[PDB]
A.B. asks: 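Structure in structure tokens, see below.
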Amino acid sequence: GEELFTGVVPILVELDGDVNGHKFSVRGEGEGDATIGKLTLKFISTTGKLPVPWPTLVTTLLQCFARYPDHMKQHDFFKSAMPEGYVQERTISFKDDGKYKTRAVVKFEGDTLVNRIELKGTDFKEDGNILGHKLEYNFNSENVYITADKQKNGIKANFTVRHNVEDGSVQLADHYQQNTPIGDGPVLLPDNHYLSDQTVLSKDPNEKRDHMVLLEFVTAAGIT
């Protein structure tokens, strides 16, 4: 499982979604280098303009590319699930607004790591930050705390994203996360640790479609 990640791995991401009715589709491509925890990706809304702000989709749009230091490598559930992969499910509650429920299947197809995502959002207020598009095109990166869940055979994460709003306010996004492997063989289950995230969003000056360029560095830490 960890042997699949010794080099650069091409990535394909495919997202289908609906939010308060507004359907859309997102396709992403790039590569991951788990030796340095580096993801480089580019995502396009193939259905036209994205009805939600891009920063709201960043956590949904490959934690198997986190760099786990050598003294932590027996805590890396994401790569242990490979190649059969894992199901990643989240509930993303927005304060004073709606919530995203996502379900993702992350596995290898040949040499390409593929993430297939379904997203559904409900109870969104059309004048509020999300549908209003009142959020800034940036990202505040923080730590993801991971705990093992031996009974359900997987892991859980719980974090809160703080989205800057164009008026100086902050729109919070409470994430609950569950990952569960697809194959039947045993997987590594970790002691409590965290993933440290560094995220940079940009734009591709020649890309005419609604998109997002994403550079991420992800490192496990919290065990000495």
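Each residue takes its place number in the sequence, starting with 1. These numbers come from the heavy atoms of this one structure, side chains and all, not from hydrogens, waters or symmetry mates.
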A.B. asks: For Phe24 versus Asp18, what's the shortest heavy-atom pair and its separation?
C.D. replies: CE2-N, 4.3 Å
A.B. asks: Using only atom types and a distance under 3.5 Å, with no angle test, would you say the side chain of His75 pairs donor to acceptor with the backbone of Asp191?
C.D. replies: yes
A.B. asks: Apply side-chain contact (heavy atoms from CB on, under 4.5 Å) to residues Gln171 and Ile130 and explain how you reach the verdict.
C.D. replies: CA-CA 9 Å; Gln171 170 77 44; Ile130 313 308; 4.3 Å; yes
A.B. asks: Is the number of heavy atoms from other residues, nucleotides or ligands within 6.0 Å of CG (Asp111) greater than 12?
C.D. replies: no
A.B. asks: Taking atom CD1 of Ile155 and atom CG of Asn192, what is their separation to the nearest 0.5 Å?
C.D. replies: 11.0 Å
A.B. asks: At their closest point, which heavy atom of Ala220 faces which heavy atom of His193, and how far apart are they?
C.D. replies: CB-CD2, 4.3 Å
A.B. asks: So, do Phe159 and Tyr176 have ring centers that fall under 6.0 Å from each other?
C.D. replies: no
A.B. asks: When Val26 is tested against each of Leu50, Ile117, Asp210 for side chain to side chain contact (heavy atoms under 4.5 Å, CB included), which residue passes?
C.D. replies: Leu50
A.B. asks: For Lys107, does its backbone N or O pair with a side-chain atom of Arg116 as donor and acceptor, under 3.5 Å?
C.D. replies: no
A.B. asks: Hey, are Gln63 and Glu216 close enough side-chain-wise for a donor-acceptor pair under 3.5 Å?
C.D. replies: no
A.B. asks: side-chain contact (heavy atoms from CB on, under 4.5 Å) for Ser45 and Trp54? Distances and angles first, verdict last.
C.D. replies: CA-CA 10 Å; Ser45 170; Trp54 286 99; 4.0 Å; yes
A.B. asks: What's the shortest heavy-atom distance between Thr180 and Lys152, and which atoms?
C.D. replies: CG2-O, 4.3 Å
A.B. asks: Using a strict threshold of under 4.0 Å (side-chain N to carboxylate O), is an ion pair present between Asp174 and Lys95?
C.D. replies: no
A.B. asks: Roughly how far, to the nearest 0.5 Å, is OG1 of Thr122 from NZ of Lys99?
C.D. replies: 4.0 Å
A.B. asks: Can you check side-chain contact (heavy atoms from CB on, under 4.5 Å) on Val165 and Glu136, steps first, answer last?
C.D. replies: CA-CA 6 Å; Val165 200; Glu136 291 178 343; over 6 Å; no
A.B. asks: Give me each pair satisfying side-chain hydrogen bond (donor to acceptor under 3.5 Å, both in side chains) with a member in residues 20-40, each pair once, sequence neighbours excluded.
C.D. replies: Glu14-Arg27, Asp16-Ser25, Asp33-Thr35
A.B. asks: Could you go through the side-chain contact (heavy atoms from CB on, under 4.5 Å) check for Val13 and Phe43 one step at a time?
C.D. replies: CA-CA 8 Å; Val13 187; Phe43 304 90; 3.8 Å; yes
A.B. asks: Begin with the C-alpha distance, continue with both residues' side-chain angles, and end with the deciding distance and a verdict on ring pair (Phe, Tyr, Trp, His ring centres under 6.0 Å) for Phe94 and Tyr100.
C.D. replies: CA-CA 8 Å; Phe94 296 89; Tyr100 293 163; 5.0 Å; yes
A.B. asks: I need the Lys101 NZ to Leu119 CG distance, nearest 0.5 Å.
C.D. replies: 11.0 Å
A.B. asks: Closest approach of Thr59 and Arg90, non-hydrogen atoms and distance?
C.D. replies: O-NH1, 2.8 Å
A.B. asks: Could you tell me the separation between the OG1 atom of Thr60 and the CG atom of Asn115, rounded to the nearest 0.5 Å?
C.D. replies: 9.0 Å
A.B. asks: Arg209 and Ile44: which non-hydrogen atoms are nearest, and at how many Å?
C.D. replies: CB-CG2, 3.5 Å
A.B. asks: Rounded to the nearest 0.5 Å, what separation is found between the CD atom of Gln177 and the OG1 atom of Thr91?
C.D. replies: 11.0 Å
A.B. asks: Are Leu188 and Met72 co-members of a hydrophobic cluster defined by side-chain heavy atoms under 4.5 Å apart?
C.D. replies: no
A.B. asks: Does the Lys NZ or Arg CZ of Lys79 fall within the cation-pi geometry relative to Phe5 - under 6.0 Å from the ring centre and within 45° of the axis?
C.D. replies: yes
A.B. asks: Of all heavy-atom pairs between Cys64 and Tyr86, which one has the smallest distance, and what is that distance?
C.D. replies: N-OH, 3.4 Å
A.B. asks: When you measure from the centre of the six-membered ring of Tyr137, is the NZ or CZ of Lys203 closer than 6.0 Å and no more than 45° off the axis?
C.D. replies: yes
